[PDB]
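First up is the structure itself, then whatever we jot down about it.
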Amino acid sequence: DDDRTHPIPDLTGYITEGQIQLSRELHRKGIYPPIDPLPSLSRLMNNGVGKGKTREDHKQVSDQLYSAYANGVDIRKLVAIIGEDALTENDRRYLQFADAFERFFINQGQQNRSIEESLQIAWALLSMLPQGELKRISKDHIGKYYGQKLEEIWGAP
Amino acid sequence: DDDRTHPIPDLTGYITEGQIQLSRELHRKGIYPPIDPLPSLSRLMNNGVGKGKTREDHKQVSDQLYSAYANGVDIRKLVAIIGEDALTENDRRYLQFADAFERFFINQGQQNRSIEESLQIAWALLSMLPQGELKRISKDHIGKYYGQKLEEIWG
Amino acid sequence: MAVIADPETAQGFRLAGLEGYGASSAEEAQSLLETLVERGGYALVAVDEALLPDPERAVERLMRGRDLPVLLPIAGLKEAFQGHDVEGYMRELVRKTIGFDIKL
Amino acid sequence: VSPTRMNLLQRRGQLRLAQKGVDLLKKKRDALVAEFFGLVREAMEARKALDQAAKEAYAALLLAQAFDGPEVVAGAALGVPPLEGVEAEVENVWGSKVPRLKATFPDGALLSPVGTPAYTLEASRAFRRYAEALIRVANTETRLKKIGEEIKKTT
Amino acid sequence: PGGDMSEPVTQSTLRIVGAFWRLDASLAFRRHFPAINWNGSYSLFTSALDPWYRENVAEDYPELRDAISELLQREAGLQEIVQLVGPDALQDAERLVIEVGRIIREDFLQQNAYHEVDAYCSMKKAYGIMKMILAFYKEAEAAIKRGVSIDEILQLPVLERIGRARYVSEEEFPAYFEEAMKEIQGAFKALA
Amino acid sequence: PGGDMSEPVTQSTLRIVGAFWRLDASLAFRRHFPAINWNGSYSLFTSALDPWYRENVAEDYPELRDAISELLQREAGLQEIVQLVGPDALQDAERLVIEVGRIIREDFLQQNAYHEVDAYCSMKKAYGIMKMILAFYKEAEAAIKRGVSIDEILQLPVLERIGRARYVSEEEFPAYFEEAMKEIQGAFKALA
Amino acid sequence: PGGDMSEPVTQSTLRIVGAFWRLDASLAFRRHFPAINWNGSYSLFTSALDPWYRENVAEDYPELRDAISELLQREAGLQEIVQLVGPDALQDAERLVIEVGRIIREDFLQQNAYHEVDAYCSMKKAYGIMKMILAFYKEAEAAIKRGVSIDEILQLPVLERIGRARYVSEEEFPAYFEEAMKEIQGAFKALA
Numbered sequence: 318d319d320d321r322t323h324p325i326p327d328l329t330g331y332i333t334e335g336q337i338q339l340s341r342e343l344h345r346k347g348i349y350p351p352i353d354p355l356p357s358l359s360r361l362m363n364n365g366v367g368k369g370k371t372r373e374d375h376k377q378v379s380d381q382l383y384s385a386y387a388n389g390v391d392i393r394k395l396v397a398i399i400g401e402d403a404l405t406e407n408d409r410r411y412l413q414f415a416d417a418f419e420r421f422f423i424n425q426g427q428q429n430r431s432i433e434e435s436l437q438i439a440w441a442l443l444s445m446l447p448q449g450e451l452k453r454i455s456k457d458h459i460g461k462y463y464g465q466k467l468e469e470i471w472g473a474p
Numbered sequence: 318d319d320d321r322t323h324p325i326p327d328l329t330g331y332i333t334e335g336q337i338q339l340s341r342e343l344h345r346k347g348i349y350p351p352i353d354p355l356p357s358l359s360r361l362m363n364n365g366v367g368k369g370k371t372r373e374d375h376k377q378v379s380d381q382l383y384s385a386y387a388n389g390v391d392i393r394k395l396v397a398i399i400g401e402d403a404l405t406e407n408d409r410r411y412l413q414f415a416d417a418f419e420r421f422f423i424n425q426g427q428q429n430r431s432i433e434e435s436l437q438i439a440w441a442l443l444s445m446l447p448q449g450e451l452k453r454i455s456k457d458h459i460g461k462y463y464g465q466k467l468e469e470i471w472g
Numbered sequence: 001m002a003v004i005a006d007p008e009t010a011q012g013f014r015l016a017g018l019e020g021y022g023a024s025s026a027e028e029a030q031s032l033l034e035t036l037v038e039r040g041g042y043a044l045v046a047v048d049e050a051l052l053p054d055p056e057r058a059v060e061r062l063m064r065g066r067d068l069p070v071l072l073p074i075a076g077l078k079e080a081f082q083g084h085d086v087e088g089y090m091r092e093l094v095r096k097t098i099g100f101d102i103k104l
Numbered sequence: 004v005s006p007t008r009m010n011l012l013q014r015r016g017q018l019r020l021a022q023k024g025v026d027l028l029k030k031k032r033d034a035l036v037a038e039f040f041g042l043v044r045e046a047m048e049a050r051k052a053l054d055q056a057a058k059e060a061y062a063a064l065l066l067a068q069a070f071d072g073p074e075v076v077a078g079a080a081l082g083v084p085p086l087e088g089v090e091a092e093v094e095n096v097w098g099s100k101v102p103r104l105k106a107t108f109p110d111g112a113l114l115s116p117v118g119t120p121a122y123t124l125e126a127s128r129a130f131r132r133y134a135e136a137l138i139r140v141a142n143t144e145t146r147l148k149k150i151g152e153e154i155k156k157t158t
Numbered sequence: 387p388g389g390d391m392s393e394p395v396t397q398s399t400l401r402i403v404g405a406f407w408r409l410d411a412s413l414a415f416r417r418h419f420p421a422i423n424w425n426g427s428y429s430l431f432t433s434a435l436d437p438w439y440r441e442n443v444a445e446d447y448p449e450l451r452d453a454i455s456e457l458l459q460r461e462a463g464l465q466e467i468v469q470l471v472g473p474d475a476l477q478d479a480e481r482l483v484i485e486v487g488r489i490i491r492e493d494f495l496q497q498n499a500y501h502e503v504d505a506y507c508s509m510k511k512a513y514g515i516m517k518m519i520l521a522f523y524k525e526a527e528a529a530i531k532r533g534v535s536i537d538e539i540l541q542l543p544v545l546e547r548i549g550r551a552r553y554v555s556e557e558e559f560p561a562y563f564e565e566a567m568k569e570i571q572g573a574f575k576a577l578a
Numbered sequence: 387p388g389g390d391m392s393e394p395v396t397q398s399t400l401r402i403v404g405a406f407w408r409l410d411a412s413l414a415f416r417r418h419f420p421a422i423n424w425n426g427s428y429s430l431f432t433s434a435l436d437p438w439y440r441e442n443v444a445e446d447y448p449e450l451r452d453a454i455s456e457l458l459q460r461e462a463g464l465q466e467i468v469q470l471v472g473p474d475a476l477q478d479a480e481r482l483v484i485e486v487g488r489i490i491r492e493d494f495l496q497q498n499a500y501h502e503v504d505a506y507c508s509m510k511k512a513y514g515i516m517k518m519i520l521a522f523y524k525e526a527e528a529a530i531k532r533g534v535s536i537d538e539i540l541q542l543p544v545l546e547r548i549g550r551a552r553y554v555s556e557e558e559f560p561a562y563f564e565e566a567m568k569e570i571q572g573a574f575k576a577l578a
Numbered sequence: 387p388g389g390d391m392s393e394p395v396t397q398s399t400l401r402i403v404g405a406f407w408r409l410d411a412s413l414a415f416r417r418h419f420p421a422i423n424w425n426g427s428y429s430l431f432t433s434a435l436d437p438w439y440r441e442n443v444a445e446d447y448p449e450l451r452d453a454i455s456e457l458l459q460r461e462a463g464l465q466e467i468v469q470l471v472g473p474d475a476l477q478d479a480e481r482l483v484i485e486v487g488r489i490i491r492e493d494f495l496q497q498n499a500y501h502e503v504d505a506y507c508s509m510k511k512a513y514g515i516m517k518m519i520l521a522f523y524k525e526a527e528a529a530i531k532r533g534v535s536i537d538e539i540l541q542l543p544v545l546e547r548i549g550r551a552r553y554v555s556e557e558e559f560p561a562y563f564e565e566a567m568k569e570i571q572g573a574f575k576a577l578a
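Chains as they are written, first to last, in the entry's author numbering: chain D, 318 to 474; chain F, 318 to 472; chain H, 1 to 104; chain G, 4 to 158; chain A, 387 to 578; chain B, 387 to 578; chain C, 387 to 578.
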C-alpha cells in the first residue's frame, strides 16, 4: 500500500545496501523509466567510483546534480504561489534546470547509454547554471568539462 | 461509538437496500428529524419516481440538491481556514444555501408535508442560486418551475 | 487633499492651492480630524507630528471598512529648523509593522 | 475517526503534506521580507527628501510673511484656485489592492501667475514642490504597511 | 469490510489482475458516479492496445489520452496548495489548470447510467470530447499570455456548449462537434 | 527503524544508561563531524565527577562548563528571528552572541578524526580553549558597551588565533595558550 | 481506562441509561469543578418535566434555560474562530458574546462542593442568577447598539455583583436579587 513501514520493505532494508524507488508521479507524466532520484540511495557508491575504475569526476557531479534538483523541485512549487516574476534570476535558472533534467536525463526511453554519454549529458545539463554556482565541484573539472550545449541530446530526446 | 465501520452496520448495509443515517451534529443544533442527507441512500428510488408516478422533475431536483449541499459543506471547511471575508460571492451563495437548507428543508417538526409541498420548498431553495449553476437540470423544468422566493411560502 | 497644522502655516498651505486648517491643541486636532474624514473626497490628510503623531489610530472607527483617506504624520515648522533624525521614526515604523525592534 | 489501516495511512500522508506546507510558507515569508527591507530604504530616502523640501518651503513662507506682509500673502492665497480630489488609481502588490495617488495638478493654470509681489510667488513654488514631495512619501508608506500585514499573516 | 482495502482477498486480487478500478465513498456521497478513484486505479493493457487505437479511432488518440492524463496529474499536484492557502491565492495560469481539471471531471469522466442517451458512449464521441477540451485549453492558455483576466474566461458561452455534449445523440454528434469547434475558434479570437 | 524514539528497545535502553549521545543526519549533511545533537544529549555523571574535575584539571572547570552551556543555549533562543530577518540586520548585542556561538560550533564542537593532531585532545587543552573563548566574549561585550561597531571586532587578528588552537601539539600547547591570552588581552583595550 | 469512551463498559451503559453526565479532564486541570462537559452530555427527561417546572418554579423557566443554551452554543461556535485569529479581530457584537459566555461559565455553571453556602443551591436561586445574567446581556447589547466601547462595559462595577452572587446564602438572596436587578438597570442607564 506504498507503506514503507510494512514488514517486507522493513526487513529488506536491514539487509540490503540502499534502494531504487520508482515514482508514480513521474510515471503518470509520461517519463520512462520513472526512477525517482531523491529517495534513491546506493551505499557502496564510494568504493566503486573514482579514478582508475571510471571517470574521476563522477562523485562531485552526482552530488551537484542531486543538490540542484532538490532546489529545482521546490522552486517549481513556490512558482505556483508567488509567480515567476517575483523570483530572482538564479531561481529561474534552477526552475528551468529541473524541467530540462526531467525531460532529458531521466526520460531516456529504450536507448542504451554508456557511462561516457551519461556523464556528457550530466555536464551539459550543469552548463545551464552559471559558473561559480557549482559549489560542490572543484575548479579542475569545471575548467575541463563545463560549457557544452545540450543540442547533442536534443537530436534524440 | 457512532462508528459506521463497525461490523453490524457494515453487514446491515451490505444486505439491506439503503439506510437512513441520523447525525449528532444536526441534533445538537435542535434540528428534528436530524437526518443526514449525504450518508443516506435508497437503492429503489429509481423505480418509484418519474413521469406518471410522482412528477417529471423529481429525479433531477434530487441530484441538484445533493451536489449543491456537497459544495456548501466543502466551502464550510475552507472558511474555517481563511475566513468568510476573503470568500468570493459565489462561495457565499453556496454557504448561505447550506445554512438555509439545514434550517428550512430538514427541520420540519411534527408536521406532515405532502410531496408537492416538499418539491415546492426544494424549488424555492434552488432559486437562491444563479440559473447557470443548475447543470444537472434540463432547461425545460427550469423554465417551468424556477423563480419563487422562500418568503412567499411561509406566513 | 487637506492638511492640519499650526495656524501659522495654514496660509502657506493655502498658497499652493491646497486645503488648509489650523489647530493649536490635541483634542481640537482629533475632533477636526474626525470632521475631516466623516465626509468623502479627501484622499490625503496630513497631520503634524507635534500634536498627533499617530493619526490612523486616533480616529480609526470611521474608516476601518474604507481605506480611502490616506493619513500621514508630517514634521512641523519648528522641527524643520531645530532638526530631527528620521532613524527613530523608521525604527518606530519597524515596530508597528513587524515589532522585533531590531534594525541598524 | 474510525481506526483502520487505511485511515492510518491517510493521516500519515496528511502529516507529510502539513510538514511540506510549513516549509513552503517559510519560503514565501522570506521572499516577502526580501522586498520589505528593500522598500524601507526608499521610504527613508523619501522622508529625508521631504524634510529637505519642507525646510526651504517654510523658510520662504516665513520670509515672505515677514517682509511683504501678512495681508498681501493672504490675498494671494485667496487668489488661487483649489485642487480637486485627484485620482487614487488602483495598484496590485502581492495579490492585494492599494491606492496610488497622482501628482498631476494644473500648474501654470493657477490664476495670477505674475504681478506685483516678489516674495510670495517664490513661496508658492516652494510650497507646490513640498506638496509634490508629500505624495511620494504617502505612496511609498502605504505599500510598506501593506507588505507588513502580509508578513504578519504568513507568520 | 468497512471499505478496508488492506483485506487479504483484496491484496491477493491486486497481484493477479491486469486492471484495477478502485471506487471511492467520498465521490459516491456527492452522487458523482461512476465514482472511480482516479488516483488509485491503473491498467496494464494500455501500452499493448495502441496499434488498434491508431487503426480504428484516430492516428493521434494516444497523444490526446496522454495529454488528458498529464493534465489530471497537474491538477492533482496543485490540490495540495489549495488546501493550504485557498483557491484564490494561486496565479492565473494555475487557476486555469484547476478550472480545466474541474471541467474534465464534470464533463468527461462523469456518466449517468439511467439517462436515455448518456448511458452508452462510443469511442469517437469520447475522442471528440477530448479534442474539444484540449482545444479549449490551448485557446485559454493563449488568452492568458495576452493579458486577459481569468475571471471573464469562464463566463464565455462556449463552456455550456462543452458542458452538455454528453447528452447529444450519436447520430447528431458529428455536426455538433464541428459546430462547437468553430465556436471555440471564434470566441477566443473575438475575445482579445 | 525510522528515527522514532518510541520503540521498545530505545525506551528500555533509556531507563538504564548513564549517557545518551544522540546522533542526527542534519549536521552530517553540513559535513559537521561529530554530528551529535547537543540539545538532545544528556549525561548523569557530571555531578559526581566534579570533585575529580576541580582537583585534577583546574579549579574553575565545573564553573566554566556552565558558561559554554549557557552560551550555546542562548542562540537556541535566537533561532526564531534569524530565519525571518537576515543575520546582518541584528543588533550588535545579539550579533556578538551569534558570532561567538558560531566560532564555538566551528572550533570546539567540531573535530577531525583523520587529522594527525586533532584526533586526540587532552583535557587541559580543551579547558584552555574554553577559558580563551570566555575571555574573547567578555572583552568583546565590554568593548560593545563602549558603542563600537561589531565589524571591527570580526576583523580582529585574534579570531584566527581562535581557529588555530585545535591543531597545536599537546606538548606545544601551553606556550601557544599563553601567547593567545596575551594577544587577546592586548587587542580589546587597545581598541577604544 | 485512559478516559477512552469507546471501551465496552461505557458503550454497553449508554444504550440503557436515560441521562449521560460526561466528565472532562481538561476542566479538572484548571480546577473548573464539577467539570461537567456541557457539549457531550445529554438528558432525555427534559421534555417530560416541563409542566412541573412551569408551575413549581416559574412560568418562563424553560425559556430562560433555552436562552442560556443558545448563548453557550454560540460561544462554542466562536471558540473555533478566536483561538487562532485573535480576540480583538472580532467585532464587539461577538466579543460581548465571548464575555457573557465567560460570565456564565465562571459564575453560574461552577460550584464549590466544599464551601459553607455554595455546596447547596435551590432552584429559585438558580432561576434568579439566570434572570440576572440574561438581563445583563440584553442591557449590554442595547448599550453596544448605542455605540459604546466594550471595555467600559467590562469595567462596570455591577459585574462584581453577579460574581459574588452564588456565595449569598438562601436567606439573603430574595433581598439581594432585587437590589442587583435595580443596580443593573441603573448602571446601564447611567452609562453613556
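All C-beta atoms in this analysis are idealised placements derived from N, C-alpha and C, irrespective of residue type, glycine included.
Residue-level contact to chain H via CB, residue i, 8 Å cutoff
i               : result
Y122 of chain G : no
Within-8 Å CB hit, residue i to chain A
i               : result
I352 of chain F : no
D391 of chain D : no
From the options, residue whose alpha carbon lies closest to that of residue i
i               : options                       : result
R401 of chain A : A:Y428, A:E527 and A:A573     : A:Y428
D478 of chain C : H:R57, H:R61, H:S31 and H:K96 : H:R61
Backbone secondary structure at residue i - three-state DSSP
i               : result
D446 of chain A : coil
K456 of chain F : helix
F406 of chain A : strand
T322 of chain F : coil
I422 of chain B : strand
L358 of chain F : strand
Any C-beta of chain G under 8 Å from that of residue i
i               : result
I398 of chain D : yes
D504 of chain A : no
Test: residue i CB closer than 8 Å to a CB of chain F
i               : result
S392 of chain C : yes
Distance between beta carbons of residue j and residue i, contact taken as under 8 Å
i               : j               : result
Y386 of chain D : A415 of chain D : 6 Å
Min CB distance residue i to chain D below 8 Å
i              : result
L27 of chain G : yes
### Message
Counting only Cβ-Cβ distances shorter than 8 Å, please list the residues of the stretch 4–21 of chain G near chain F, keeping chain order.
### Response
Only those residues of the stretch 4–21 of chain G whose C-beta falls short of 8 Å from the nearest C-beta of chain F are listed: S5 and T7.
### Task
Could you please tell me which residues of the stretch 432–454 of chain A, in chain order, have their CB closer than 7 Å to any CB of chain D?
Listed in sequence order: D452.
### Query
Taking Cβ-Cβ distances below 7 Å as the criterion, which residues of the stretch 467–497 of chain A are in contact with chain D?
Against chain D - using a Cβ distance shorter than 7 Å - the residues of the stretch 467–497 of chain A are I467, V471, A475, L476, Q477 and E480.
### Query
In chain order, what residues of the stretch 129–144 of chain G put their CB closer than 8 Å to some CB of chain H?
Look at the stretch 129–144 of chain G: the residues with a C-beta under 8 Å from a C-beta of chain H are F130, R131, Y133, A134, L137, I138, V140, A141 and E144.
### Task
Identify each residue in the stretch 398–424 of chain A for which the Cβ-Cβ distance to at least one residue of chain F is less than 7 Å, and report them in chain order.
Cβ contacts with chain F: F415, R416 and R417.
### Query
Looking at chain A, which residues of the stretch 403–421 of chain F have a Cβ within less than 8 Å of any of its Cβ atoms?
Those would be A403 and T405, in chain order.
### Query
the stretch 36–50 of chain G: which residues have C-beta closer than 8 Å to a C-beta of chain B, in chain order?
For the stretch 36–50 of chain G, which is checked against every Cβ of chain B, the residues closer than 8 Å are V36 and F40.
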